[PDB]
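Visitor: Generate a structure from the sequence data that follows.
(9 chains)
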Amino acid sequence: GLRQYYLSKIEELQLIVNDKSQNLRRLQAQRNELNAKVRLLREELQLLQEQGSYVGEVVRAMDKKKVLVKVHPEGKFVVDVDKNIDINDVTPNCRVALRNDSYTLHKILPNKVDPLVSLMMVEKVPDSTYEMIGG
Amino acid sequence: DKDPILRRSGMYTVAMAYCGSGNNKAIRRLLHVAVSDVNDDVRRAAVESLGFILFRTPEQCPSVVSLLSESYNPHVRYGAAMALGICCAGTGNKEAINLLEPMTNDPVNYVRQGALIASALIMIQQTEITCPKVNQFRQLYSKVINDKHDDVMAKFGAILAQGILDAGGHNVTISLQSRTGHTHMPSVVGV
Amino acid sequence: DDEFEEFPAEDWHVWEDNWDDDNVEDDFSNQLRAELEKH
Amino acid sequence: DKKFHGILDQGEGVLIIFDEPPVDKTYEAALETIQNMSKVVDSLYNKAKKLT
Amino acid sequence: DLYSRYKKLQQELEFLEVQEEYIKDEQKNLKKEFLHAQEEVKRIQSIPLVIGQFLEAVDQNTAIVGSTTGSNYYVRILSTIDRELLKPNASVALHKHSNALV
Amino acid sequence: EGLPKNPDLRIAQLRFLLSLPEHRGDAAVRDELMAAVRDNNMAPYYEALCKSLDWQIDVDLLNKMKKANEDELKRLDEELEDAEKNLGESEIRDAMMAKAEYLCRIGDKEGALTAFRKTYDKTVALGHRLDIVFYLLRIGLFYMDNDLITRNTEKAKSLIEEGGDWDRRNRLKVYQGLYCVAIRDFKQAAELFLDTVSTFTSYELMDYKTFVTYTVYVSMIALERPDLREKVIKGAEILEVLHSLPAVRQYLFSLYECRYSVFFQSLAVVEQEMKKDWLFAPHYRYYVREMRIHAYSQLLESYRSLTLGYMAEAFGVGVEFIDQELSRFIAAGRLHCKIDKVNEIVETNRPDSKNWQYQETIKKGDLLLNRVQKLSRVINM
Amino acid sequence: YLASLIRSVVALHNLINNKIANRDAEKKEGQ
Amino acid sequence: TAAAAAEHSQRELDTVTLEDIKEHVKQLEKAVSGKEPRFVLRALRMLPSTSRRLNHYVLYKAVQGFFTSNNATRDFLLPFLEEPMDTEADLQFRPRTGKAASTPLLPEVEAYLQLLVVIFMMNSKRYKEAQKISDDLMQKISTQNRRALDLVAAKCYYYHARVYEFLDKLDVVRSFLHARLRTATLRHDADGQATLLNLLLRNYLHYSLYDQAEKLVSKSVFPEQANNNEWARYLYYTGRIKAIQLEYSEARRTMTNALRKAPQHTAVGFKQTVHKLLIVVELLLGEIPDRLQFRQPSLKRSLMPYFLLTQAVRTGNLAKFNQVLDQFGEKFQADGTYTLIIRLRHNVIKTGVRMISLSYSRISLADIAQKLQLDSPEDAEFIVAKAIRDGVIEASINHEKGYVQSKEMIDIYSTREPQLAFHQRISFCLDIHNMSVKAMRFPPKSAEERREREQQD
Amino acid sequence: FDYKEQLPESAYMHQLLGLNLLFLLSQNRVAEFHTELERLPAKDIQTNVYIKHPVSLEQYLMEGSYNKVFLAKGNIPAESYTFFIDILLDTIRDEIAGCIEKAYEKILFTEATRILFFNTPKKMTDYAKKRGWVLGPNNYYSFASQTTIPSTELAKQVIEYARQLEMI
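Guide: Numbers count the residues shown, from 1 in each chain, chains lettered A, B, ... in the order given. Here you go, the structure:
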């Protein structure tokens, strides 16, 4: 009888600990999310004082992990690529970020507007179709 | 009391009074102070007090100290590191070692110092097979010592960590309770 | 999930759904014709 | 034709004139917003049941 | 073994009382410190800063801005900035030294 | 001229007529529908119609139409393949658009839809895309596919927004007004019809006479007296077409100028033709009820009290009938008066519009709250 | 009442987005 | 070779269902090993499909190998389950030959397989050996006691109750089912408690012991952590009980919740019954059902009698009401509604009075009787006076001239009623927002940069 | 009800069940009345006079058909129903008087006698003294005795709104 008594109260407590564990895991998830957010802000204040990175257009890729880059608006340097970007992806005529001190290609920014796209935008030949044409 | 030092004294008094007892009331008070109180020094003292109170059951500390270590306040993280060290001193707890390993290389000089010191306290009188992190932490200590990147307080932590690891000719362990299960008052006071 | 077999089953307009078109009544043409005839 | 708010009492033979209150724009906007948010809830059906 | 499940009783008390209210007050104080951290990161909007133009956005937290000094930079943007105001060619305020979109 | 009558809506009208119980057997309607079927080789549509209406399948005619359709489809697939191999994208598009057109002309809903989707994928012209979208919209009107109608209406609006074809915008206005009439949205139907009354060219759907008839009906049931006066009673085009129409002009003007009981013979005749019409059929009862309520409200608005005897004399109906009708509408809540029966007299009142707005807010909020709660149960569990 | 209804709809939208993200993450982990 | 082709199709289906049950039992033992029960719920989700494909003695082909360590089961299962499997069949597909380690089959898996046997007997329509084997299962589970076993125990309880339902004798199960509900209430197993309470309420309803069910509901607490289907059934039963006990608001809310929580892809019979009774309850309170229910294809011909009932009641004349009663009584006995429908007779009286008061300012008592389609005008007098007393109408009767004069209909918007309506709506909307925010589940979730920054600075 | 089968049923069963329904109606336990009434089979409720009279009497009471309720005193399909019906008549006299109180801005006496179903002016005067009336100074019982913002309750509701919004 007392074995059944124990096992009954033990199972009651097992249920209690189980549901409390689900509850505590939810609370821990909430707390961790909030703490990560706050830590992100406090490190943001610190890492926003870092020098901004220049933007330069790659004109030609050298060997030994170096790239010829025209940095806006004056200057044509050769910069060593960062060890996170496959040099095969820096094909000429593409915008790339260069670290402030000791220029180092560390990101391939979205490609500049195609020169042909810019030229056609300047010319502005109205778009046409056979249904617009008649006669 | 008004004085932050008096509040820290209250935290340490709770630690000493309830050392080893694992009294839930003391845990509640210490943890609430570590959370909500307005001074970082007393927050750290409260976390260390919780570490003191939880050493009879070294399996329990990892949870709370993890929540307080993957955390907000640099002082709270450091207090969690020392709480883990005090709790697991002489136990070589794999969970505590795993918790402290990320804490090393933290963006705070004293946090790194405390993590290293607590790690050495935990691996006191340990070897590779008992816990497969002793060599990792020893090489970490050596690099930190013979590096110039690390801050002066990180260097201090590394020297103290090596001293703890090889303490007593590597023939001594730090146990807050005697081998017969009695709280070792000299050890509690020393820690 | 459950098919709810406990109970048996019997073999078997995007506008506002109002309960006024349901009235049983002859066409307004018929009603008006009757009213005019008896008028 | 709503050129003035009043009612013609034939029996007595008089003309009652009412200072008709203006139409509340808040309720108009609330009803239109309810309609638009019903459209939103239909879009939410479309997203959820199709995906969820 | 069954009085070891009484050990499990005291374990249940440990989870219940110690940790629940702990997380509750922890998240309360974390909200407090979140407000404080936002007000602190306001510090980077100091008066002596250079004006620029927001050309393009790369990521959620980075963008290309042409500083009025002549050059343009790919730099991070402050989180507490309404992105609805980052219209093309919109004038922005860049940090004097770090040159981030402040 | 209008877009092609490929999914001829007259066929749908005739099918609806033959579905009605007073015309399920109309010799003239059946003969004209069969004339259309045999002229356009509607083999799949003929099979489906015979099945639905329980007719006997004329096996010989069905077989000959099926052979003709198979020959046409084979020939046109051959043309499509020739365009694929030799000719260019425009020829490919023309061939496969012709295939979609014939799949409509033989009343094959699913095949025609798939062909149109493929053609829209392979087409590059915005105007031709709008043509395909209008084909789909006409199919939707033919088969009362509400989802298809709404999807293609959004598609047509998006396509028109760029390009700014006002001819196509007016055609879409006419189509959307037809859909609104079909779904009993008479306010928007009247709005669109009045917008497009002077620029109507969609003869693929219906004649200008019928268009003006529908416009006048929806305007009467939706617009207030000032708007009706400004738009319908004075629009030059509406007045000319109503001069052509002897009956609907009398109906509208009787309503406007308060000639009562002639409004009721007009309402009876228009109700009959509304019931006959496929588009207005499942709304004729509602339209008649609303028009009767409008007439009663118009008569009662300008009088504090009005004897049921005077009401009956004005409307030509008997006192008992007008009393029961008025009491029914008052109970429904669509008339702002009460009736004293011991000494028959209708006494009007002026409830503030705030009460009506509150009732409408409660109703619409209840609908939307039920929808929101249904969504909540669907998601949470 | 109007604001409360709008807030309820917005909350349901947030819940839908959260559950969509949850299922996507779980499925990607299972992949 | 149509016979051979059909046999081959049947055999491939047998292999598919066999591997399916392999996966199910696998889920069961991994569930009990891992201590997480809801894996058993995941396995049990497919009882309908498994039952539908559970024919041709595929379960024989299975059990002949599975039930190796519990030979005490064959004695009953095989004699009832025959030996129809083809002589060879060239399959020899078993649980490693029906042999892993001579370990006794886990009680959960044994109960699952025997439930499969019981439901196959259910489909076979031979409810005697089914009853005996169900009793054997009940003895087995009563002897056993495990948490992960509670879900399969619940399913077994429901299916055994179904067996006795087909036996036509549920009072026999009454005692055992109720005692096992007591056991499942002492041992906190929400699923078992909920299913047992639902079956007891179903039995009480079947025998028309509404008063007994009333006490049971009053003094029993349903588990809030029950699945949507048990919640739907329990809410339906409680709503019917409340409707009979004349608690119509509770009936409405519980029944609407039952309809909302019932599955929307199946359960057409449950939907039909709930819609019928809910139409009756709405019509009894005075609220009139929307035409959507009657337009629904799933349940349209079933609700036509209720559609005409709603038309009659809303029209408000006892003539139409009592003819409709006369034509469609038979359905009202196939379902059971007499008391509710005649309370609807009283409510049609009330609705007619309401319409007359709204549409009339003064009206003679004879006219009121005529429009209510009542008997002698004195009865209409007393009905109108009783309505005014009850608050249905706010009017006053002038007996000297024998008419009824209504009030002025005080402008509601200038009163608190809009506040109360908007309060209900606001409270529910805030509840929805809070529930959604609570429900949002958050899934669980560099130093080289640190060093690089420190060095570059 | 228990021992269905093994028993041949008693012809007096329906009569006595109807008598029980009359008792429940007299004591005004309507819920129990309907609950037990649901026990009677369908056709027994619909056809048998012994079960029709109780249900019909409740129907009349709910409708307000006090004339037919009184005529039940003559109906009485079984004479034993008189005892449980007399008390119901007295309670119905009270209910009718309540109806008269709320309605009838003014009522006379000679017709109020028939309205209350009394047969003696002395009974009328005694009943008026019961509760209390004006006795009809002009032979008319003129019992025509027919703001306050619930600010506290409304403030409680608004604070509830605020608390439910701010516990986010």
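Visitor: Tell me how many other residues crowd residue 3.
Guide: Answering for chain A, as no chain was given. The local packing of residue A:3 (other CB atoms under 10 Å in any protein chain shown) involves 8 other residues. Where C-beta positions appear, they are placed from N, C-alpha and C, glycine not excepted.
Visitor: The intended chain is chain I.
Guide: 7.
Visitor: Over to it: give its phi and psi.
Guide: phi -90, psi 60 (degrees, to the nearest 10).
Visitor: And residue F:305, by the same measure?
Guide: Taking degrees, to the nearest 10 as the convention, residue F:305 sits at phi -140, psi 160.
Visitor: Going by secondary structure, the residue lying closest to it once chain neighbours are set aside is in what exactly?
Guide: Take residue F:305 and drop its neighbours on the chain: the residue closest to it by CB to CB, 6 or more residues apart in numbering or on different chains is residue F:347, 4.6 Å away. For residue F:347, the host element (DSSP states H and E) is strand F:345-348.
Visitor: helix or strand right after that strand?
Guide: helix F:353-380.
Visitor: what about that following helix, near chain H?
Guide: Yes. Using CB under 8 Å from any CB of the partner chain as the criterion, contacts between helix F:353-380 and chain H involve F:354-355, F:358, F:362, F:365-366, F:369, F:372-374, F:376-377, F:379-380.
Visitor: helices and strands around that helix, which ones?
Guide: helix D:25-51, helix G:2-30, helix H:248-261, helix H:417-439 (3 or more CB pairs under 8 Å, 6 or more residues apart in numbering or on different chains; DSSP states H and E).
Visitor: can you count the residues close to the residue nearest to residue H:259 when sequence neighbours are not counted?
Guide: Excluding the flanking residues, the one nearest residue H:259 by CB to CB, 6+ apart is residue H:274, at 5.1 Å. Number of residues near residue H:274 (other CB under 10 Å) recorded here: 24.
Visitor: Any buried residues in the host helix or strand of residue H:274, and which?
Guide: Counting by DSSP H and E, the element that carries residue H:274 is helix H:268-285. Residues H:268-284 are the ones in helix H:268-285 that count as buried (16 or more other CB atoms under 10 Å in any protein chain shown).
Visitor: And chain H, is the one helix or strand residue I:60 maps to touching that?
Guide: Assigned by DSSP H and E, residue I:60 belongs to helix I:49-63. Yes. Using CB under 8 Å from any CB, helix I:49-63 reaches chain H at I:55, I:59, I:62, I:63.
Visitor: Now residue A:49. Nearest residue, chain neighbours left out?
Guide: residue E:98 (4.6 Å).
Visitor: For the one you found, which three-state class applies?
Guide: With DSSP: H, G, I helix; E, B strand; the rest coil as the basis, residue E:98 sits in coil.
Visitor: so what's it up against?
Guide: Under the criterion of CB atoms under 8 Å, 6 or more residues apart in numbering or on different chains, the contact partners of residue E:98 comprise A:48, A:49, A:50, A:51, A:52, E:44, E:75.
Visitor: 6 Å instead, please
Guide: The neighbours of residue E:98, taking CB atoms under 6 Å, 6 or more residues apart in numbering or on different chains as the test, are A:48, A:49, A:50.
Visitor: Same check on residue I:117?
Guide: Per CB under 6 Å, 6+ apart, neighbours of residue I:117: residue I:70.
Visitor: Apply 10 Å and report the result again.
Guide: I:66, I:67, I:69, I:70, I:73, I:89, I:92, I:93, I:96 (CB atoms under 10 Å, 6 or more residues apart in numbering or on different chains).
Visitor: which residue packs closest to residue 29, ignoring adjacent ones?
Guide: No chain in the question, so chain A it is. residue H:442 (4.5 Å).
Visitor: I was thinking of chain H, sorry if that wasn't clear
Guide: That would be residue H:106: by CB to CB, 6+ apart, it lies 5.6 Å from residue H:29.
Visitor: Show me just the buried residues among the contacts of residue I:117.
Guide: Buried, going by 16+ other CB under 10 Å: I:66, I:67, I:69, I:70, I:92, I:93, I:96, out of those.
Visitor: Distance to residue F:68 and secondary structure for the residues you listed - can I get that in CSV?
Guide: Below are the buried ones among the contacts of residue I:117 laid out as CSV (distance: CB to CB, whole Å; DSSP: H, G, I helix; E, B strand; the rest coil):
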residue, distance to residue F:68, secondary structure
I:66, 80, helix
I:67, 79, helix
I:69, 80, helix
I:70, 83, helix
I:92, 83, helix
I:93, 88, helix
I:96, 84, helix
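Visitor: Could you provide these in CSV, with additional columns for distance to residue A:103?
Guide: Compiled in CSV, the buried ones among the contacts of residue I:117 are given as follows (distance: CB to CB, whole Å):
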residue, distance to residue A:103
I:66, 103
I:67, 106
I:69, 104
I:70, 108
I:92, 103
I:93, 106
I:96, 103
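Visitor: from these, which two are the most distant?
Guide: Greatest spatial distance in these: I:67 and I:93, 13.1 Å, computed using CB to CB.
Visitor: Go ahead and confirm residue I:53 touches residue I:17.
Guide: No. Contact criterion CB atoms under 10 Å: residue I:53 and residue I:17 do not qualify, at 11.4 Å.
Visitor: and the biggest strand by length in chain E, how far out from the chain's middle?
Guide: Under DSSP state E, the strand in chain E containing the largest number of residues is strand E:50-57. Centre-to-centre, strand E:50-57 and its host chain are 21 Å apart (CA atoms, centre = their mean, to the nearest Å).
Visitor: Same check on stretch B:177-187?
Guide: 18 Å.
Visitor: Repeat that for stretch F:344-352.
Guide: Distance, centroid of stretch F:344-352 to centroid of chain: 36 Å (CA atoms, centre = their mean).
Visitor: Likewise for stretch G:9-26?
Guide: 2 Å.
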